[PDB]
>>> print(open('start26.cif').read())   # mmCIF, N, CA and C atoms and all ligand atoms
data_entry
loop_
_atom_site.label_atom_id
_atom_site.label_comp_id
_atom_site.auth_asym_id
_atom_site.auth_seq_id
_atom_site.Cartn_x
_atom_site.Cartn_y
_atom_site.Cartn_z
N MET A 21 76.73 47.87 -239.01
CA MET A 21 75.68 48.62 -238.33
C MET A 21 74.39 48.60 -239.15
N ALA A 22 74.23 47.56 -239.96
CA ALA A 22 73.06 47.39 -240.82
C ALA A 22 72.92 48.52 -241.84
N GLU A 23 71.87 48.43 -242.66
CA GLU A 23 71.55 49.44 -243.67
C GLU A 23 72.59 49.48 -244.79
N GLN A 24 72.31 50.29 -245.80
CA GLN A 24 73.22 50.47 -246.93
C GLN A 24 74.60 50.89 -246.45
N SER A 25 74.64 52.00 -245.75
CA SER A 25 75.87 52.51 -245.17
C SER A 25 75.57 53.15 -243.83
N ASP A 26 74.78 54.20 -243.88
CA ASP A 26 74.43 54.95 -242.69
C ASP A 26 73.05 55.57 -242.84
N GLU A 27 72.64 56.29 -241.83
CA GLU A 27 71.34 56.92 -241.80
C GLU A 27 71.45 58.18 -240.96
N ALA A 28 71.62 57.96 -239.67
CA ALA A 28 71.82 59.05 -238.73
C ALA A 28 73.18 58.90 -238.05
N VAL A 29 73.36 59.64 -236.97
CA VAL A 29 74.61 59.63 -236.21
C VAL A 29 75.02 58.21 -235.81
N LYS A 30 76.29 57.89 -236.01
CA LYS A 30 76.84 56.67 -235.45
C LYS A 30 77.34 56.94 -234.05
N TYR A 31 76.90 56.15 -233.09
CA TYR A 31 77.42 56.27 -231.75
C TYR A 31 78.52 55.24 -231.54
N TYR A 32 79.26 55.39 -230.46
CA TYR A 32 80.14 54.34 -229.99
C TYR A 32 79.94 54.17 -228.49
N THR A 33 79.85 52.93 -228.03
CA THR A 33 79.60 52.67 -226.62
C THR A 33 80.74 53.17 -225.74
N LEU A 34 80.37 53.71 -224.58
CA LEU A 34 81.33 54.23 -223.61
C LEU A 34 82.25 53.10 -223.16
N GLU A 35 81.67 51.90 -223.13
CA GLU A 35 82.32 50.71 -222.62
C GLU A 35 83.36 50.22 -223.64
N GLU A 36 83.22 50.76 -224.83
CA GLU A 36 83.96 50.33 -226.00
C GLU A 36 85.15 51.26 -226.27
N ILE A 37 84.87 52.56 -226.27
CA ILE A 37 85.90 53.57 -226.50
C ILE A 37 86.96 53.50 -225.41
N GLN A 38 86.56 53.01 -224.24
CA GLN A 38 87.48 52.76 -223.14
C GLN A 38 88.55 51.75 -223.54
N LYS A 39 88.17 50.82 -224.41
CA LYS A 39 89.02 49.70 -224.79
C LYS A 39 89.95 50.10 -225.93
N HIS A 40 89.84 51.35 -226.35
CA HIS A 40 90.60 51.86 -227.48
C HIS A 40 91.45 53.05 -227.06
N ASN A 41 92.01 52.93 -225.87
CA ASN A 41 92.80 54.00 -225.27
C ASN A 41 94.29 53.71 -225.40
N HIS A 42 94.63 52.79 -226.30
CA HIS A 42 95.99 52.24 -226.35
C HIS A 42 96.53 52.18 -227.77
N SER A 43 97.83 51.89 -227.88
CA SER A 43 98.59 51.91 -229.16
C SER A 43 97.79 51.36 -230.35
N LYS A 44 97.40 50.08 -230.24
CA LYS A 44 96.82 49.31 -231.35
C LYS A 44 95.60 49.99 -231.99
N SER A 45 95.00 50.91 -231.27
CA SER A 45 93.88 51.69 -231.75
C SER A 45 93.58 52.78 -230.74
N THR A 46 93.77 54.02 -231.13
CA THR A 46 93.62 55.12 -230.20
C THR A 46 92.41 55.96 -230.54
N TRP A 47 91.42 55.94 -229.67
CA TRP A 47 90.29 56.84 -229.79
C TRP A 47 90.35 57.84 -228.66
N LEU A 48 89.57 58.90 -228.74
CA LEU A 48 89.46 59.83 -227.63
C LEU A 48 88.11 60.52 -227.65
N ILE A 49 87.72 61.08 -226.51
CA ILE A 49 86.50 61.86 -226.42
C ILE A 49 86.81 63.22 -225.82
N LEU A 50 86.63 64.28 -226.59
CA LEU A 50 86.91 65.61 -226.08
C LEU A 50 85.79 66.09 -225.17
N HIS A 51 84.58 65.72 -225.50
CA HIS A 51 83.40 66.18 -224.76
C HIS A 51 82.21 65.29 -225.05
N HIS A 52 82.04 64.95 -226.32
CA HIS A 52 80.85 64.25 -226.77
C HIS A 52 81.18 63.36 -227.95
N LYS A 53 81.90 63.92 -228.91
CA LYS A 53 82.30 63.19 -230.10
C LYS A 53 83.53 62.33 -229.83
N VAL A 54 83.59 61.18 -230.47
CA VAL A 54 84.75 60.30 -230.39
C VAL A 54 85.64 60.54 -231.61
N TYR A 55 86.95 60.56 -231.39
CA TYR A 55 87.91 60.76 -232.47
C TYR A 55 88.81 59.53 -232.58
N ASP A 56 89.60 59.47 -233.64
CA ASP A 56 90.61 58.43 -233.78
C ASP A 56 91.97 59.09 -234.02
N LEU A 57 93.04 58.53 -233.45
CA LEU A 57 94.38 59.00 -233.78
C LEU A 57 95.30 57.81 -234.05
N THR A 58 94.72 56.65 -234.35
CA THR A 58 95.48 55.39 -234.43
C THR A 58 96.72 55.50 -235.32
N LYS A 59 96.61 56.21 -236.43
CA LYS A 59 97.78 56.49 -237.26
C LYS A 59 98.32 57.90 -237.00
N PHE A 60 97.46 58.74 -236.41
CA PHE A 60 97.67 60.17 -236.29
C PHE A 60 98.64 60.50 -235.17
N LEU A 61 98.95 59.44 -234.42
CA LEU A 61 99.71 59.49 -233.18
C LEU A 61 101.03 60.22 -233.35
N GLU A 62 101.58 60.08 -234.56
CA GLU A 62 102.89 60.59 -234.92
C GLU A 62 102.79 61.97 -235.57
N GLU A 63 101.65 62.20 -236.22
CA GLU A 63 101.42 63.41 -237.02
C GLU A 63 101.17 64.64 -236.15
N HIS A 64 100.77 64.39 -234.91
CA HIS A 64 100.37 65.44 -233.98
C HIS A 64 101.54 65.89 -233.11
N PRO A 65 101.81 67.22 -233.08
CA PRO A 65 102.92 67.82 -232.31
C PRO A 65 102.99 67.32 -230.86
N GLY A 66 104.01 66.53 -230.54
CA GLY A 66 104.18 66.06 -229.18
C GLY A 66 103.00 65.24 -228.71
N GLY A 67 102.71 64.17 -229.43
CA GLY A 67 101.63 63.29 -229.06
C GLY A 67 102.13 61.93 -228.61
N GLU A 68 101.64 60.88 -229.28
CA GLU A 68 102.00 59.48 -229.01
C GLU A 68 101.81 59.12 -227.52
N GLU A 69 102.82 59.47 -226.72
CA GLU A 69 102.87 59.13 -225.30
C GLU A 69 101.74 59.78 -224.52
N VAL A 70 101.61 61.10 -224.68
CA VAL A 70 100.70 61.89 -223.85
C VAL A 70 99.26 61.75 -224.30
N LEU A 71 99.04 61.07 -225.41
CA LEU A 71 97.69 60.86 -225.89
C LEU A 71 97.02 59.76 -225.08
N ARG A 72 97.75 58.68 -224.87
CA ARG A 72 97.23 57.43 -224.30
C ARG A 72 96.55 57.66 -222.95
N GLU A 73 97.05 58.67 -222.24
CA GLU A 73 96.65 58.98 -220.87
C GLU A 73 95.28 59.65 -220.83
N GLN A 74 94.93 60.31 -221.93
CA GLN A 74 93.73 61.13 -222.02
C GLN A 74 92.75 60.52 -223.01
N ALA A 75 93.21 59.47 -223.68
CA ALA A 75 92.45 58.85 -224.76
C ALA A 75 91.53 57.76 -224.23
N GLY A 76 90.55 57.40 -225.04
CA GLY A 76 89.55 56.43 -224.64
C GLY A 76 88.44 57.06 -223.82
N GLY A 77 88.82 58.00 -222.97
CA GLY A 77 87.85 58.75 -222.20
C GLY A 77 87.89 60.22 -222.55
N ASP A 78 87.72 61.08 -221.56
CA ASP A 78 87.75 62.52 -221.80
C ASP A 78 89.19 63.01 -221.93
N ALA A 79 89.45 63.87 -222.90
CA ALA A 79 90.79 64.39 -223.12
C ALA A 79 90.81 65.91 -223.06
N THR A 80 89.70 66.50 -222.67
CA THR A 80 89.54 67.94 -222.80
C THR A 80 90.20 68.70 -221.65
N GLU A 81 90.84 67.97 -220.73
CA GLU A 81 91.59 68.60 -219.64
C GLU A 81 92.50 69.71 -220.18
N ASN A 82 93.44 69.31 -221.03
CA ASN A 82 94.44 70.20 -221.61
C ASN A 82 93.79 71.16 -222.62
N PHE A 83 92.60 70.77 -223.06
CA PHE A 83 91.89 71.46 -224.14
C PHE A 83 91.11 72.65 -223.58
N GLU A 84 90.58 72.47 -222.38
CA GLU A 84 89.78 73.49 -221.70
C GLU A 84 90.66 74.57 -221.10
N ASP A 85 91.84 74.13 -220.67
CA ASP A 85 92.80 74.98 -219.98
C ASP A 85 93.56 75.86 -220.96
N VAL A 86 94.21 75.22 -221.92
CA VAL A 86 95.06 75.90 -222.90
C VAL A 86 94.24 76.38 -224.10
N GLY A 87 93.27 75.56 -224.50
CA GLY A 87 92.33 75.95 -225.54
C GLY A 87 92.82 75.72 -226.96
N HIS A 88 94.08 75.27 -227.11
CA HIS A 88 94.70 75.13 -228.43
C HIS A 88 94.72 76.48 -229.15
N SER A 89 94.61 76.46 -230.46
CA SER A 89 94.40 77.66 -231.24
C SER A 89 93.46 77.35 -232.41
N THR A 90 93.16 78.36 -233.22
CA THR A 90 92.18 78.23 -234.31
C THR A 90 92.43 76.97 -235.16
N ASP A 91 93.71 76.70 -235.40
CA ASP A 91 94.15 75.60 -236.26
C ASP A 91 93.45 74.28 -235.91
N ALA A 92 93.41 73.98 -234.62
CA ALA A 92 92.97 72.67 -234.12
C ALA A 92 91.45 72.53 -234.12
N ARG A 93 90.75 73.65 -234.22
CA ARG A 93 89.29 73.64 -234.25
C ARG A 93 88.81 73.20 -235.63
N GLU A 94 89.68 73.41 -236.61
CA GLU A 94 89.29 73.41 -238.01
C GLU A 94 89.80 72.16 -238.69
N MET A 95 90.94 71.69 -238.20
CA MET A 95 91.63 70.54 -238.76
C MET A 95 91.04 69.24 -238.23
N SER A 96 90.48 69.32 -237.02
CA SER A 96 90.11 68.13 -236.26
C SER A 96 88.85 67.46 -236.81
N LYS A 97 88.18 68.19 -237.70
CA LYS A 97 86.81 67.91 -238.14
C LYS A 97 86.66 66.56 -238.81
N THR A 98 87.74 66.11 -239.45
CA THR A 98 87.76 64.82 -240.13
C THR A 98 88.32 63.72 -239.24
N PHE A 99 88.64 64.08 -238.00
CA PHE A 99 89.12 63.13 -237.01
C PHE A 99 87.93 62.56 -236.27
N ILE A 100 86.81 63.27 -236.39
CA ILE A 100 85.59 62.93 -235.68
C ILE A 100 84.89 61.74 -236.35
N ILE A 101 84.97 60.57 -235.74
CA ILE A 101 84.35 59.38 -236.33
C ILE A 101 82.88 59.27 -235.97
N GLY A 102 82.49 59.84 -234.84
CA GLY A 102 81.10 59.84 -234.46
C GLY A 102 80.86 60.43 -233.09
N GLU A 103 79.70 60.15 -232.53
CA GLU A 103 79.36 60.64 -231.20
C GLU A 103 79.50 59.52 -230.18
N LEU A 104 79.15 59.81 -228.95
CA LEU A 104 79.15 58.81 -227.90
C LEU A 104 77.75 58.20 -227.77
N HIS A 105 77.71 56.92 -227.41
CA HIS A 105 76.45 56.17 -227.25
C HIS A 105 75.49 56.91 -226.31
N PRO A 106 74.17 56.63 -226.40
CA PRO A 106 73.14 57.14 -225.46
C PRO A 106 73.46 56.93 -223.97
N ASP A 107 74.65 56.42 -223.71
CA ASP A 107 75.20 56.30 -222.37
C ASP A 107 75.41 57.70 -221.83
N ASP A 108 75.61 58.61 -222.77
CA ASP A 108 75.86 60.01 -222.46
C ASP A 108 74.91 60.92 -223.23
N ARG A 109 74.33 60.41 -224.31
CA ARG A 109 73.63 61.26 -225.26
C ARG A 109 72.44 61.99 -224.63
N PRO A 110 71.55 61.30 -223.88
CA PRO A 110 70.50 61.97 -223.12
C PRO A 110 70.95 62.36 -221.71
N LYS A 111 71.88 61.57 -221.13
CA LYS A 111 72.38 61.77 -219.76
C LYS A 111 71.28 61.56 -218.72
N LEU A 112 70.27 62.41 -218.76
CA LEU A 112 69.15 62.34 -217.83
C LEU A 112 67.84 62.15 -218.60
N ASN A 113 67.20 63.25 -219.00
CA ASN A 113 65.97 63.17 -219.79
C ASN A 113 66.20 63.76 -221.17
N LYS A 114 67.45 64.20 -221.37
CA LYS A 114 67.88 64.90 -222.57
C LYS A 114 67.25 66.29 -222.65
N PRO A 115 68.09 67.34 -222.60
CA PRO A 115 67.64 68.75 -222.60
C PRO A 115 66.55 69.03 -223.63
N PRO A 116 65.32 69.29 -223.16
CA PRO A 116 64.15 69.49 -224.02
C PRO A 116 64.15 70.86 -224.70
N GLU A 117 64.39 71.90 -223.92
CA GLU A 117 64.29 73.27 -224.41
C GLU A 117 65.55 74.03 -224.08
N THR A 118 66.60 73.77 -224.85
CA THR A 118 67.90 74.39 -224.63
C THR A 118 68.57 73.81 -223.37
N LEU A 119 69.88 74.01 -223.24
CA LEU A 119 70.62 73.48 -222.10
C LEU A 119 70.06 74.02 -220.79
N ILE A 120 70.34 75.28 -220.50
CA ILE A 120 69.80 75.93 -219.32
C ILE A 120 69.10 77.24 -219.71
N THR A 121 69.79 78.37 -219.49
CA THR A 121 69.25 79.71 -219.75
C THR A 121 67.77 79.84 -219.35
N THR A 122 67.40 79.17 -218.26
CA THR A 122 66.03 79.17 -217.78
C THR A 122 65.75 80.41 -216.94
N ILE A 123 64.66 81.11 -217.29
CA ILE A 123 64.18 82.30 -216.58
C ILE A 123 65.32 83.25 -216.18
N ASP A 124 65.98 83.79 -217.19
CA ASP A 124 67.07 84.74 -216.99
C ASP A 124 66.52 86.14 -216.75
N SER A 125 66.00 86.38 -215.54
CA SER A 125 65.42 87.67 -215.16
C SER A 125 64.09 87.92 -215.88
N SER A 126 64.16 88.26 -217.16
CA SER A 126 62.98 88.64 -217.91
C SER A 126 62.66 87.61 -218.99
N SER A 127 61.92 88.04 -220.01
CA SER A 127 61.59 87.18 -221.14
C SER A 127 62.86 86.60 -221.77
N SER A 128 62.75 85.38 -222.27
CA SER A 128 63.88 84.66 -222.82
C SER A 128 64.31 85.23 -224.17
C1 LIG B 1 90.82 65.86 -231.14
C2 LIG B 1 92.08 65.53 -231.48
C3 LIG B 1 93.18 66.57 -231.62
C4 LIG B 1 93.55 67.22 -232.77
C5 LIG B 1 93.05 67.00 -234.17
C6 LIG B 1 94.55 68.18 -232.40
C7 LIG B 1 95.06 69.13 -233.26
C8 LIG B 1 96.21 69.87 -232.96
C9 LIG B 1 96.83 70.82 -233.86
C10 LIG B 1 96.39 71.12 -235.28
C11 LIG B 1 97.89 71.39 -233.18
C12 LIG B 1 98.78 72.53 -233.62
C13 LIG B 1 98.41 74.01 -233.44
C14 LIG B 1 97.32 74.30 -232.41
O1 LIG B 1 97.68 74.33 -231.21
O2 LIG B 1 96.15 74.50 -232.82
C15 LIG B 1 98.00 70.71 -231.91
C16 LIG B 1 99.01 70.95 -230.98
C17 LIG B 1 99.01 70.43 -229.69
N1 LIG B 1 98.12 69.57 -229.12
FE1 LIG B 1 96.51 68.79 -230.10
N2 LIG B 1 94.90 67.94 -231.09
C18 LIG B 1 94.03 67.02 -230.55
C19 LIG B 1 93.96 66.57 -229.24
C20 LIG B 1 94.89 66.89 -228.27
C21 LIG B 1 94.84 66.40 -226.92
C22 LIG B 1 93.72 65.58 -226.33
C23 LIG B 1 96.00 66.83 -226.30
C24 LIG B 1 96.49 66.46 -224.91
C25 LIG B 1 96.17 65.31 -224.26
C26 LIG B 1 96.69 67.73 -227.20
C27 LIG B 1 97.84 68.47 -226.90
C28 LIG B 1 98.48 69.30 -227.83
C29 LIG B 1 99.69 70.04 -227.56
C30 LIG B 1 100.45 70.02 -226.25
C31 LIG B 1 100.01 70.74 -228.70
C32 LIG B 1 101.18 71.67 -228.91
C33 LIG B 1 102.66 71.27 -228.82
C34 LIG B 1 103.24 71.46 -227.43
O3 LIG B 1 103.23 72.61 -226.95
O4 LIG B 1 103.69 70.44 -226.86
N3 LIG B 1 95.99 67.71 -228.38
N4 LIG B 1 96.94 69.87 -231.80
#
>>> encode(input="start26.cif", output="structure tokens")
Amino acid sequence: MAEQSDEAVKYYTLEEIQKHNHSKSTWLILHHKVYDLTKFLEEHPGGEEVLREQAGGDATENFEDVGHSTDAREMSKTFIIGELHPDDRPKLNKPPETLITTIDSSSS
């Protein structure tokens, strides 16, 4: 990716992470950041099989519903290899002034 090592956020193409939804290399996207479980497949409670189905793309189905617990919020941090490419990063015009919270009755 050129340069000494890095500079800013490393992205990964949406078209690419899709190709890493399988045994030989398992990535996933919970929402925005891409993770890897290529070796981790075995280390994670009841994974391997059920990962492949949610990996490469969005996996937050089970994550939004059940929510995991504190443990998984804190441990996962080194699983995060980077973000998703500008395929998703701006989406539209990229939120200029906060996500929404626009004109909430009175002064912001
Ligand atoms: C971002 C990558 C992930 C990491 C680092 C991670 C981390 C963990 C950790 C630390 C636990 C144990 C305690 C807890 O619930 O907090 C756990 C359990 C579990 N995780 Fe994950 N997890 C990840 C993604 C996923 C995804 C995408 C799924 C489903 C497709 C999933 C399904 C489960 C289930 C089901 C358990 C509990 C065992 C069971 O009841 O079968 N996890 N995870």
>>> residues_around(input="start26.cif", residues="segment 84-98 of chain A", least_positions_apart="4", cutoff="8 Å", atoms="only N, CA and C atoms", output="ChimeraX atom specification")
/A:55-56,79-80
>>> closest_residue(input="start26.cif", among="A:30, A:100, A:41, A:53", to="residue 71 of chain A", atoms="all atoms listed in the file")
A:41
>>> axis_aligned_box(input="start26.cif", around="ligand LIG 1 (chain B)", padding_each_side="6 Å", output="JSON")
{"center_x": 97.3, "center_y": 69.9, "center_z": -229.8, "size_x": 24.9, "size_y": 21.2, "size_z": 23.0}
>>> select_by_dssp(input="start26.cif", residues="chain A", states="strand (DSSP E)", output="list in words")
residues 31, 32, 41, 42, 45, 46, 47, 48, 49, 53, 54, 55, 56, 100, 101, 102, 103 and 104 of chain A
>>> residues_around(input="start26.cif", residues="residue 60 of chain A", least_positions_apart="3", cutoff="12 Å", atoms="only C-alpha atoms", output="count of residues only")
19
>>> closest_residue(input="start26.cif", among="A:124, A:101, A:42, A:115", to="residue 73 of chain A", atoms="only N, CA and C atoms")
A:42
>>> select_by_dssp(input="start26.cif", residues="chain A", states="helix (DSSP H, G or I)", output="list in words")
residues 34, 35, 36, 37, 38, 39, 40, 69, 70, 71, 72, 81, 82, 83, 84, 85, 90, 91, 92, 93, 94, 95, 96, 97 and 98 of chain A
>>> write_last_selection(input="start26.cif", atoms="N, CA and C atoms", output="compact mmCIF listing (two decimals), in the frame of the given file")
# COMPACT_ATOMS: atom_id res chain seq x y z
N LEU A 34 80.37 53.71 -224.58
CA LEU A 34 81.33 54.23 -223.61
C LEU A 34 82.25 53.10 -223.16
N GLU A 35 81.67 51.90 -223.13
CA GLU A 35 82.32 50.71 -222.62
C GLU A 35 83.36 50.22 -223.64
N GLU A 36 83.22 50.76 -224.83
CA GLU A 36 83.96 50.33 -226.00
C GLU A 36 85.15 51.26 -226.27
N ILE A 37 84.87 52.56 -226.27
CA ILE A 37 85.90 53.57 -226.50
C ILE A 37 86.96 53.50 -225.41
N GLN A 38 86.56 53.01 -224.24
CA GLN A 38 87.48 52.76 -223.14
C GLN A 38 88.55 51.75 -223.54
N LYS A 39 88.17 50.82 -224.41
CA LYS A 39 89.02 49.70 -224.79
C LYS A 39 89.95 50.10 -225.93
N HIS A 40 89.84 51.35 -226.35
CA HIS A 40 90.60 51.86 -227.48
C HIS A 40 91.45 53.05 -227.06
N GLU A 69 102.82 59.47 -226.72
CA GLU A 69 102.87 59.13 -225.30
C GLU A 69 101.74 59.78 -224.52
N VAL A 70 101.61 61.10 -224.68
CA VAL A 70 100.70 61.89 -223.85
C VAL A 70 99.26 61.75 -224.30
N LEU A 71 99.04 61.07 -225.41
CA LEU A 71 97.69 60.86 -225.89
C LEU A 71 97.02 59.76 -225.08
N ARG A 72 97.75 58.68 -224.87
CA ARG A 72 97.23 57.43 -224.30
C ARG A 72 96.55 57.66 -222.95
N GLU A 81 90.84 67.97 -220.73
CA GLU A 81 91.59 68.60 -219.64
C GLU A 81 92.50 69.71 -220.18
N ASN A 82 93.44 69.31 -221.03
CA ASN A 82 94.44 70.20 -221.61
C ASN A 82 93.79 71.16 -222.62
N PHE A 83 92.60 70.77 -223.06
CA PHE A 83 91.89 71.46 -224.14
C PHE A 83 91.11 72.65 -223.58
N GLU A 84 90.58 72.47 -222.38
CA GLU A 84 89.78 73.49 -221.70
C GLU A 84 90.66 74.57 -221.10
N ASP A 85 91.84 74.13 -220.67
CA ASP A 85 92.80 74.98 -219.98
C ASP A 85 93.56 75.86 -220.96
N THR A 90 93.16 78.36 -233.22
CA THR A 90 92.18 78.23 -234.31
C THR A 90 92.43 76.97 -235.16
N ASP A 91 93.71 76.70 -235.40
CA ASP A 91 94.15 75.60 -236.26
C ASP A 91 93.45 74.28 -235.91
N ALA A 92 93.41 73.98 -234.62
CA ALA A 92 92.97 72.67 -234.12
C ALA A 92 91.45 72.53 -234.12
N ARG A 93 90.75 73.65 -234.22
CA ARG A 93 89.29 73.64 -234.25
C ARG A 93 88.81 73.20 -235.63
N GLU A 94 89.68 73.41 -236.61
CA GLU A 94 89.29 73.41 -238.01
C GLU A 94 89.80 72.16 -238.69
N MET A 95 90.94 71.69 -238.20
CA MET A 95 91.63 70.54 -238.76
C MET A 95 91.04 69.24 -238.23
N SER A 96 90.48 69.32 -237.02
CA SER A 96 90.11 68.13 -236.26
C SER A 96 88.85 67.46 -236.81
N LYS A 97 88.18 68.19 -237.70
CA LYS A 97 86.81 67.91 -238.14
C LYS A 97 86.66 66.56 -238.81
N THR A 98 87.74 66.11 -239.45
CA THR A 98 87.76 64.82 -240.13
C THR A 98 88.32 63.72 -239.24
>>> closest_residue(input="start26.cif", among="A:59, A:40, A:72, A:105", to="ligand LIG 1 (chain B)", atoms="all atoms listed in the file")
A:72
>>> residues_around(input="start26.cif", residues="residue 108 of chain A", least_positions_apart="3", cutoff="8 Å", atoms="only N, CA and C atoms", output="ChimeraX atom specification")
/A:34,52,104-105,111-112
>>> write_last_selection(input="start26.cif", atoms="N, CA and C atoms", output="PDB file, keeping the file's coordinate frame")
ATOM      1  N   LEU A  34      80.370  53.710-224.580  1.00  0.00           N
ATOM      2  CA  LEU A  34      81.330  54.230-223.610  1.00  0.00           C
ATOM      3  C   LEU A  34      82.250  53.100-223.160  1.00  0.00           C
ATOM      4  N   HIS A  52      82.040  64.950-226.320  1.00  0.00           N
ATOM      5  CA  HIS A  52      80.850  64.250-226.770  1.00  0.00           C
ATOM      6  C   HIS A  52      81.180  63.360-227.950  1.00  0.00           C
ATOM      7  N   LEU A 104      79.150  59.810-228.950  1.00  0.00           N
ATOM      8  CA  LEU A 104      79.150  58.810-227.900  1.00  0.00           C
ATOM      9  C   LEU A 104      77.750  58.200-227.770  1.00  0.00           C
ATOM     10  N   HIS A 105      77.710  56.920-227.410  1.00  0.00           N
ATOM     11  CA  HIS A 105      76.450  56.170-227.250  1.00  0.00           C
ATOM     12  C   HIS A 105      75.490  56.910-226.310  1.00  0.00           C
ATOM     13  N   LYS A 111      71.880  61.570-221.130  1.00  0.00           N
ATOM     14  CA  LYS A 111      72.380  61.770-219.760  1.00  0.00           C
ATOM     15  C   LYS A 111      71.280  61.560-218.720  1.00  0.00           C
ATOM     16  N   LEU A 112      70.270  62.410-218.760  1.00  0.00           N
ATOM     17  CA  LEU A 112      69.150  62.340-217.830  1.00  0.00           C
ATOM     18  C   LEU A 112      67.840  62.150-218.600  1.00  0.00           C
TER      19      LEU A 112
END
>>> closest_residue(input="start26.cif", among="A:29, A:50, A:123, A:61", to="ligand LIG 1 (chain B)", atoms="all atoms listed in the file")
A:50
>>> closest_residue(input="start26.cif", among="A:121, A:21, A:109, A:51", to="ligand LIG 1 (chain B)", atoms="only C-alpha atoms and all ligand atoms")
A:51
>>> atom_distance(input="start26.cif", atom1="atom N of residue 22 of chain A", atom2="atom N of residue 106 of chain A")
16.3 Å
>>> closest_residue(input="start26.cif", among="A:58, A:82, A:38, A:33", to="ligand LIG 1 (chain B)", atoms="all atoms listed in the file")
A:82
